[PDB]
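Here's the structure we're looking at; comments come further down.
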Amino acid sequence: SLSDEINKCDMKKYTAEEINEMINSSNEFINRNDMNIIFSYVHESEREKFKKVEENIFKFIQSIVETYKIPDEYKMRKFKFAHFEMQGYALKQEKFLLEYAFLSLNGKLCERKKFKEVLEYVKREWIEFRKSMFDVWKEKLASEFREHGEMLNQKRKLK
Amino acid sequence: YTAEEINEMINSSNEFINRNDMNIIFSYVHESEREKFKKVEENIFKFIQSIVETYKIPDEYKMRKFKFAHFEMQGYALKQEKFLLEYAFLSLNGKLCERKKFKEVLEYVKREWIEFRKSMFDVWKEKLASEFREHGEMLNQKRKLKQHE
Ligand SMILES: [Cl-]
Ligand SMILES: [Cl-]
Ligand SMILES: [Cl-]
Ligand SMILES: [Cl-]
Ligand SMILES: [Cl-]
Ligand SMILES: [Cl-]
């Protein structure tokens, strides 16, 4: 749609031409800003292309769904869990490539102080993530189960 | 890998840290956060068990909803790990790099992603095709069985 194009044009930070220009620059060295811009563009490009692969898989499985008149309940539940498994494999691939890029672009050593700072931030963010997850999912499932339980009691009272 | 070994490594008097240690610490930390996440899920599920018993909700509904919630939570946990891996990569990477070397790394990352995408397409077409074709065939057979009364 039109609004999706306007919202994207109004948000664009990088072009493909800019990125190719940066990659192909005659400059012997490349600074952290330019490296971050390129990795942000690449992360985004790989994220979009991955989604197109998932669409193509789901379009293909749709042909089997229609051949065997498979109900939507089964189709959507299986598509949902497959999406999760594919995300899982993509994270594992990105993890290896981030480690590859980290070791290839830097020296053998890093300041222990800086490493300890990053590590303390990761640990604090995980505690914060876990607290939030507890509160969010406890409420999501409580409402869903309490509601379904009220619906059952209704059907039970009727009989 | 012990909790004493990793605390010893982080608290080392050594001014710098090598790859071997940095990876052995991030592996231990990824594992520790993975265990701690599972404890949060258990706590949620224990709480929902109280509502299950209050309304006498059947196990079939309970387990199916717990399975789906698990995958949604793990989905958010993978996204959180991805952000924190990216955070650590950008924070520890140096201010300058030889452009030649950067271009080489970038060309490798791009080729690996093309290879990943080709493989993923094929692998997941096969996993879901077999699963759906099998479920479909069993549905037709169950339908013919009821229709032949
Ligand atoms: Cl079904
Ligand atoms: Cl990557
Ligand atoms: Cl470094
Ligand atoms: Cl499972
Ligand atoms: Cl992490
Ligand atoms: Cl890293």
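Below, each value reflects all heavy atoms present in this structure, side chains not excepted, and no hydrogens, waters or symmetry copies. Letters go in sequence order (proteins before strands), and every chain restarts at 1.
Only the side chain of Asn24(A) comes within contact range of chain B, with heavy atoms under 4.5 Å apart. Contact annotation for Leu119(A): only side-chain heavy atoms (C-beta onward) come within less than 4.5 Å of a heavy atom of chain B. For a residue to count as touching a neighbouring chain, one of its non-hydrogen atoms must lie under 4.5 Å from one of that chain's; by this rule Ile51(B) touches chain A with the side chain only. For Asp122(B), no part lies under 4.5 angstrom from a heavy atom of chain A. For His43(A), the part lying under 4.5 angstrom from a heavy atom of chain B is the side chain only. With a 4.5 Å cut-off on non-hydrogen atoms, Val65(A) touches chain B through its side chain but not through its backbone. Within the 4.5 angstrom heavy-atom criterion, no atom of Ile114(B) approaches chain A. Within the 4.5 angstrom heavy-atom criterion, only side-chain atoms of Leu91(A), from C-beta onward, approach chain B.
One distance of note links CD of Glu117(A) with CG of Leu92(B); it measures 10.0 Å at 0.5 Å rounding. Atom CZ of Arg19(B) and atom CG of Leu109(A) lie 12.0 Å apart (nearest 0.5 Å).
Between the side chain of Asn106(A) and the main chain of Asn93(B), no donor-acceptor pair closer than 3.5 Å is present.
Identified by a heavy-atom distance below 4.5 Å to chain B, the contributing residues of residues 151-158 of chain A are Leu152(A), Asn153(A), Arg156(A), in residue-number order. Within residues 37-50 of chain B, the residues having any heavy atom closer than 4.5 Å to a heavy atom of chain A are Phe37(B), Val40(B), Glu41(B), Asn43(B), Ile44(B), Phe45(B), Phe47(B), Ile48(B), listed by residue number.
Identified under the side-chain hydrogen bond (donor to acceptor under 3.5 Å, both in side chains) test for residues 140-151 of chain A, with sequence neighbours left out: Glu144(A)-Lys65(B). Within the structure, every pair that satisfies the ring-ring contact (aromatic ring centres under 6.0 Å, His included) test and touches residues 91-113 of chain A, not counting sequence neighbours, is listed here: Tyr100(A)-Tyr108(B).
Heavy-atom pairs under 4.5 Å with chain B were tallied for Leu98(A), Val118(A), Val122(A), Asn36(A); the largest tally goes to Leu98(A). For the options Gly107(A), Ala82(A), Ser45(A), heavy-atom pairs under 4.5 Å to chain B are most numerous at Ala82(A). Considering only heavy-atom pairs separated by less than 4.5 Å from chain A, the leading option among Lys82(B), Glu33(B), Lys125(B) is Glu33(B). Of the listed residues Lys118(B), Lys79(B), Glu107(B), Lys103(B), the one with more heavy-atom pairs under 4.5 angstrom with chain A than any other is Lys103(B). Across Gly75(B), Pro58(B), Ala77(B), the residue that shares the most heavy-atom pairs under 4.5 angstrom with chain A is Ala77(B). Of the listed residues (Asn14(B), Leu90(B), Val29(B)), the one with the most heavy-atom contacts under 4.5 Å to chain A is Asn14(B). Contact tally against chain B (heavy-atom pairs below 4.5 Å) for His83(A), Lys113(A), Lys75(A), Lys114(A): the top residue is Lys114(A).
Taking the six-membered ring where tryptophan is involved, the planes of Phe81(A) and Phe71(B) are perpendicular, since the angle between them exceeds 60° and thus also 30°.
For an aromatic pair to be called close, the ring centres must be under 6.0 Å apart, and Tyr61(B) with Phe145(A) satisfies this.
In this structure the side chain of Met133(A) never reaches within 4.5 angstrom of the side chain of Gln80(B), judged on heavy atoms. A heavy-atom distance below 4.5 Å is found between the side chains of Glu28(A) and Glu98(B). At a threshold of 4.5 Å between non-hydrogen side-chain atoms, the residues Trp113(B) and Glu94(A) count as touching. Taking the side chain as every heavy atom from C-beta outward, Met86(A) and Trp124(B) approach each other to under 4.5 Å. The side-chain heavy atoms of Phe102(B) and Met35(A), taken from C-beta on, include a pair separated by under 4.5 Å.
In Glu48(A), the CD atom is crowded: over 12 heavy atoms of neighbouring residues, nucleotides or ligands sit closer than 6.0 Å.
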Check step by step if side chain to side chain contact (heavy atoms under 4.5 Å, CB included) holds for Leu84(B) and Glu125(A).
CA-CA 8 Å; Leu84(B) 294 167; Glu125(A) 289 291 286; 3.7 Å; yes
Which is it for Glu72(B) and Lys80(A) under the salt bridge (charged side-chain N to carboxylate O under 4.0 Å, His left out) test, yes or no, and what are the steps along the way?
CA-CA 9 Å; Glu72(B) 296 191 79; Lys80(A) 290 172 192 155; over 6 Å; no
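At a threshold of 4.5 Å between side-chain heavy atoms, the hydrophobic network of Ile, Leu, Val, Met, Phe, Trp and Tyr places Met11(A) and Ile6(A) in two separate groups.
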